[PDB]
Amino acid sequence: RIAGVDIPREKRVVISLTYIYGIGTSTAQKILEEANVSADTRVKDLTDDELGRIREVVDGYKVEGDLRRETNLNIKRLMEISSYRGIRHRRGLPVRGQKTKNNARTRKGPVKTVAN
Amino acid sequence: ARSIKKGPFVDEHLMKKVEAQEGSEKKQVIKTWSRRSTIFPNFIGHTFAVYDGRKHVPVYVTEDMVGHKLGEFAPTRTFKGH
Amino acid sequence: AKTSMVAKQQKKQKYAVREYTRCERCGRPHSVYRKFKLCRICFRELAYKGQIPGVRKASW
Amino acid sequence: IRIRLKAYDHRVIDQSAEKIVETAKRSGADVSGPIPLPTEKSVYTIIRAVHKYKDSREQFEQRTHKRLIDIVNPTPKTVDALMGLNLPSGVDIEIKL
Amino acid sequence: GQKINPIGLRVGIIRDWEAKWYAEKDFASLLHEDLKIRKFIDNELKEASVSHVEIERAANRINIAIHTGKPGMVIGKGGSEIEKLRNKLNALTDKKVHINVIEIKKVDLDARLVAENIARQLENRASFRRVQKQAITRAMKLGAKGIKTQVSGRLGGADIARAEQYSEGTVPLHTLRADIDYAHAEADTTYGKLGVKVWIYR
Amino acid sequence: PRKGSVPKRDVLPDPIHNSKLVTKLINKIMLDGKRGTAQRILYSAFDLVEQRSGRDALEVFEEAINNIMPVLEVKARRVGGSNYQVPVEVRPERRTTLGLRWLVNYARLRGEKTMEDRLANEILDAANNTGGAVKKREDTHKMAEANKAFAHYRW
Amino acid sequence: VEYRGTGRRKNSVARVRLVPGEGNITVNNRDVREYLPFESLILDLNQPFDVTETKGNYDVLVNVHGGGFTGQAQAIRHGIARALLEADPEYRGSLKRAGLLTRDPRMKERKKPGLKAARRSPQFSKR
RNA sequence: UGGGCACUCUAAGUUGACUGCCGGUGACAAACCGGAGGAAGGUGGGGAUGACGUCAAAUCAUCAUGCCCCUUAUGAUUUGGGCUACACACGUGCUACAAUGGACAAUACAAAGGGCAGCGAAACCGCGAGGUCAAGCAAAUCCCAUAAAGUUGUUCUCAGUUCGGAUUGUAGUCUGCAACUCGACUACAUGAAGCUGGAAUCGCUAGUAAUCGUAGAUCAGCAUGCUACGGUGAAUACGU
RNA sequence: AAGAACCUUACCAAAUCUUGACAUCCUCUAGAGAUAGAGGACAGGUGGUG
């Protein structure tokens, strides 16, 4: 567990630490450069003094909650000023500018079909 | 989009009719055709009648809108469902 | 329409991203080659008579 | 001394491969044999139809044949006879000199 | 789309190019100069029996060899007529002093001349069957191994396009070791355009 | 087909065990033209079944193949509303093709961790008259046993 | 004492130089088992060494370029057979019996127009 | 690398594959089966080549053209927008649903092209896109350029996962007057459906099916499309 | 269609023009920009009928 978010045990540090929101693989590899952990020890074989070094580095980055709050106010701002990106956010449509004519499912969601 | 060397883009005539009136107190409803100009920090408290293609929709410029072009704030297409 | 867009293409535009290529023989704005300045149609007719030097049917 | 010729037709480049070695041996001079250089094939693929009938393509080629002839003993009578190029108006001559 | 163009199929194998020059660069302008000359020749030498026009280029000089069935009509009374042709071409871009006139003795043995002769009579309200048969008869009388002729579109002024095709002798369009002169001409009539095709094989 | 017979493409003997049968097994394991893996799959299984059984790798393989190869197939005839399942004895060449195919297919359909162990597992089971590979021929024989009444309909 | 026997397979050309001596096979100045990734290529390479008994009796100084490894391996094999006759020209009595002196013309196929790439066709449906 | 030009390549000419041949089945003859050289054997393999005609098939928007209309408009120049809109259905592909795999490092083997104000080395900076200076090459000479699948090891241990990369957030690179509508990319964060696809359906009997990358046309910039190039690469095809 | 930010665009909304965008003979200043100021028979039509 790091700062409230428990990572999967019996996993390598470089792999397990990505389970925290806001931290990916490239960021995780950065911890093991600062904190002297061999990136291969299981979280269950980890030593408490190694945990302190890891935890000190983690909060330095935008780890949890804050990144969730940051990403929301960014979209909320786009909603308030009614830009092209932000209006499409309201309607659940691809905001980048992809083709919504036939292929947009991870934004439209379920296929609510209309009969012919 | 642009670069850091090139910097921000505002149409060569657009800011001229912005620092034209800023020495006065009242903002105006300047008719606009350049949708590609970045909303500059000096664009504050100013209605920009940006051409969507058929009309000049007005837009009061707040601080948050600085950074995006005024074209993002002018809806071109219209859709009311299916 | 023709005879206006051809003259417009002949006329020098303002910028270096406004000009385009048209088949000088017919005025087609699509599929115009650069080594001959000819469209795929005008290329076929002129190469059949043999008015384009060195161009012959490929049969490899 | 590197006389090179480029031609669209292989027959006029074979004739150009000769006829200048013979004006090189017209004087007292050694000339290297015509070096066969790789030809350059430009391939064009166009749609035969004037509209929509795709998958029916007419393929055309244009082969630029190349030769290299090197004069090894350049005598004064060769530089004066170097203008005797019998070009059939379609064989490009490039004397490096 | 049935028949390949006879000229295009045999070009390079047994036929030879009309535009015979080399241009590694500036190919587009040099080629369009050829068409510019040919197009000007087409209307200036219209009533002259001109069959082929070869443009050659060497030492910033344009060589034109015009094969005609009516020498003297192009040349003039000693050279006056060809002089006007040379200087009118001369006014365009560079100098093109070389103009060579080649006599076509057997006019009825040339596809382009026969097709043009057929097309001009068709425009003058003539039988679309008599012009083909008489022209075919002349060529076979002149020793041609075989002649094929075809006239298409509103034959005689009808409301429906047709295609009258008459042939004599041997015209193998599938054999590559054979020189078949092919040419297409148009006859603009009151009822529309006509399509003339001639296949003279010698 | 209609015009005579088609000559077949032959294989060379295996590099290690010197068996054309072994090389053709590689040709079956291979997917998307990848010979490398297929060659490694078999040698990681031939050398593996030696540790399980104890006998020679090629000796167990020869025993197993015999216990997969079918002796009587069932080709289909037709009289009308009834389709005649006519039992036809398998020619020797088709037997090896079927035996090798059933070894690979019924090794893929199983699973422990990887393909090499699955292949090795199926090889030993076949020599012990167990597994899907030998259960396929037992059903192939069974259908030939049942339809002996259609034997004389062999074209 | 180089017996120059050329050999070509697909898009590869191998300059086989048979020299007397019992040793390894040096492909592009490299051992055959370090050059060819698989042994099956090394078996096909020694096919004419085995059809007529000369196994390992020559150190083939081969200069191969072009193709992949299977094309290079059989180009060496073809070159070896065309070089075994260069040493003793009374060797064909078994080389033609096993088909090793023939240049294999099974080179690739043209991308046929109208059909999807090679001899196969694209998807087909009915409207 | 001096030197040769031996081998190989490059491109011109020139041999060869013609049922010459040897048998045997037809001697109604054509033909057919096997064999011998020979690299290739039976039209050696591929390409181009598409008869009379058929479908009033397609194209008046390549172009021309009979007729019919507009001709201060049905013509014409500019800015902006649209051609990319999205309740959905259809055709054609791409990517995966991993262990014959993901990743991590080393380590090989091509072909075909293109290039003048273009290809752009080498060096330096940047996580990377890229940028700064730049040699050489109008090119079998220099550049694109490095093939990758492949080989060798290590790590994971079947899990919606170290599979998957759709979609969003942030900060950037290039091109272009200008990437908002509506470009390609690069980093960091996120991490969707998807556990090999029902009825039906298509392709193919070799270097094919399958699989991996490279190049070119168009082109300021923009391809999962098209055309070409090679690498690895199945097998029964008895039979009608 | 082997290449839609402008162009291509032939489509739409504004600013416009009418012997015309094209035949054939007879460096500053506003202004989105076009363009503007200062240093006549004829054309045309990606309009229709494959």
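Numbered from 1 within each chain, the chains take letters A, B, ... in sequence-line order. FYI, side chains are in, hydrogens and waters are out, and symmetry mates aren't considered; it's all heavy atoms of this structure.
Using a 4.0 Å heavy-atom criterion, one finds that G:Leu36 contacts no nucleic acid atom at all. Counting non-hydrogen atoms under 4.0 angstrom, E:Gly8 reaches nothing in the nucleic acid. Backbone-only contact: A:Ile75 has heavy atoms under 4.0 Å from sugar-phosphate atoms and none from a base. Within the 4.0 angstrom heavy-atom criterion, only backbone atoms of the sugar-phosphate kind lie near A:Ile20; the bases stay farther away. Here G:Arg17 lies out of heavy-atom contact (under 4.0 Å) with every strand. Heavy atoms of F:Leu31 sit under 4.0 angstrom from at least one base atom. Across all strands, B:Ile4 comes closer than 4.0 Å only to sugar-phosphate atoms, never to a base (heavy-atom distances). Using a 4.0 Å heavy-atom cutoff across all strands shown, G:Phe38 reaches sugar-phosphate atoms only and no base atom. Among the protein residues, D:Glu58 comes within range of the sugar-phosphate backbone only, with heavy atoms under 4.0 Å from sugar or phosphate atoms but none that close to a base. Within 4.0 Å of G:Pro122, counting heavy atoms only, lie sugar-phosphate atoms of the nucleic acid but no base atom. At a threshold of 4.0 angstrom between heavy atoms, the contacts of A:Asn102 include nucleobase atoms, whether or not backbone atoms are also involved. Within 4.0 Å (heavy atoms only), G:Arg106 reaches at least one base atom of the nucleic acid. Looking at heavy-atom distances under 4.0 Å, G:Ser12 makes no contact with the nucleic acid at all. Backbone-only engagement by D:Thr39 is indicated by non-hydrogen atom pairs under 4.0 Å involving sugar-phosphate atoms exclusively.
Legend: stacked base step between I:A21 and I:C22; six-membered ring centres less than 5.5 Å apart, planes less than 30° apart. Using a cut-off of 5.5 Å between ring centres and 30° between planes, the six-membered base rings of H:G207 and H:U208 fail to qualify as stacked. The six-membered rings of H:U59 and its strand neighbour H:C60 do not satisfy centres under 5.5 Å apart together with planes under 30°, so the two bases count as unstacked. In this strand, H:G47 stacks on its neighbour H:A48, with six-membered ring centres under 5.5 Å apart and planes inclined by less than 30°. The six-membered rings of H:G126 and its strand neighbour H:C127 do not satisfy centres under 5.5 Å apart together with planes under 30°, so the two bases count as unstacked.
B:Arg35 contributes a side-chain N or O that, together with a main-chain N or O of B:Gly71, makes up a donor-acceptor pair within less than 3.5 Å. Side-chain atoms of C:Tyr33 do not come within 3.5 Å of backbone N or O of C:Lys35 as any donor-acceptor pair. With G:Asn28 contributing its side chain and G:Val64 its backbone, the two residues share a donor-acceptor pair below 3.5 Å. Checking side-chain atoms of D:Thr45 against main-chain N and O of D:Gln59 turns up no donor-acceptor pair under 3.5 Å. Side chain of C:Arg40 to backbone of D:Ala49: a donor-acceptor contact under 3.5 angstrom is found. Looking only at distances, a side-chain donor or acceptor of E:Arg154 sits under 3.5 Å from a matching main-chain atom of E:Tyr191. No donor-acceptor distance shorter than 3.5 angstrom exists from the side chain of F:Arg94 to the backbone of F:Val90, with no hydrogens or angles considered. With hydrogens and angles ignored, the 3.5 Å screen pairs no side-chain donor or acceptor of C:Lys11 with any backbone N or O of C:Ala7. In this structure, the side chain of B:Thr32 does not engage the main chain of B:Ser34 through any donor-acceptor pair within 3.5 Å. Panel note: side chain D:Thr39, backbone D:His65; a donor-acceptor pair is recorded below 3.5 Å.
Ion pairing of F:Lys34 with F:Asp32 is absent here, as no side-chain N (NZ or NE/NH1/NH2) approaches a carboxylate O to less than 4.0 Å. G:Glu109 has a carboxylate O that lies under 4.0 Å from a charged side-chain N of G:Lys112, or vice versa, which qualifies the two as a salt bridge. A salt bridge is defined here as a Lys NZ or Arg NE, NH1 or NH2 lying under 4.0 Å from an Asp or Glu carboxylate O, and D:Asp92 with D:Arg4 fails to meet this definition.
Pairing check for H:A87 against H:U168: the Watson-Crick or wobble criterion is not satisfied at the 3.5 Å limit. For the criterion of Watson-Crick or G-U wobble pairing, both bonds shorter than 3.5 Å, the nucleotides H:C104 and H:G153 count as partners. Here H:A210 is matched with H:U232 as a Watson-Crick or G-U wobble partner, both contacts being under 3.5 Å. In this structure, H:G136 forms a base pair with H:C119, meeting the Watson-Crick or G-U wobble definition at 3.5 Å. A Watson-Crick or G-U wobble pair does not link H:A217 to H:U77 when both relevant atom distances must lie under 3.5 Å. Here H:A123 is matched with H:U132 as a Watson-Crick or G-U wobble partner, both contacts being under 3.5 Å. With both distances required under 3.5 Å, H:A166 does not pair with H:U100 in Watson-Crick or G-U wobble fashion. For the criterion of Watson-Crick or G-U wobble pairing, both bonds shorter than 3.5 Å, the nucleotides I:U16 and H:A76 count as partners. Nucleotides I:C28 and H:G44 fail to qualify as a pair under the Watson-Crick or G-U wobble definition, as the contacts are not both shorter than 3.5 Å. Under a 3.5 Å limit on both donor-acceptor distances, the bases of H:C174 and H:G165 fail the Watson-Crick or G-U wobble criterion.
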Taking only N/O atoms, report every protein-nucleotides 20-22 of chain I pair under 3.5 Å with atom names and distance.
none

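Base orientation for H:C109: anti, the chi torsion being more than 90° from 0. The glycosidic torsion of H:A6 lies more than 90° away from 0, placing the base in the anti range. Base orientation at H:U141 is syn, since its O4'-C1' glycosidic dihedral falls within 90° of 0. Taking the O4'-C1'-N9-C4 or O4'-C1'-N1-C2 dihedral as appropriate, H:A148 has a value more than 90° from 0 and is therefore anti. Against the 90° criterion about 0, the sugar-base torsion of H:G45 places it in the anti range.
Using atom P as the reference point in both H:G165 and H:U173, the two lie 27 Å apart (nearest Å). Separation of the P atoms belonging to H:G136 and H:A112 is 29 Å when rounded to the nearest angstrom. Nucleotides H:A51 and H:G115 place their P atoms 38 Å apart, quoted to the nearest Å. Spacing of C1' atoms, H:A85 relative to I:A23, comes out at 42 Å, to the nearest Å. Here, I:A2 and H:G82 have their P atoms 23 Å apart, quoted to the whole Å. Nucleotides H:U161 and H:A111, compared at atom P, are 46 Å apart to the nearest Å.
Across all non-hydrogen atoms, the minimal contact from G:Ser12 to G:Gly66 is CB-O, 3.2 Å.
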B/S/- along nucleotides 27-37 of chain I (protein heavy atoms under 4.0 Å) is -----BSS---

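Put simply, chain D comes within 4.0 Å of RNA chain H, heavy atom to any atom, from H:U10 to H:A228, going 5' to 3'.
Judged by closest nucleotide on RNA chain I, C:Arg22 is the one of C:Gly27 and C:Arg22 placed further toward the 5' end.
Going from atom CZ of B:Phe9 over to atom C1' of I:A5 covers 12 Å, rounded to whole Å.
The pentose of H:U107 is categorized as north (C3'-endo side) on the basis of a positive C1'-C2'-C3'-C4' torsion.
Using cut-offs of 30° and 60° on the angle between ring planes, the pair B:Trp33 and B:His56 is perpendicular.
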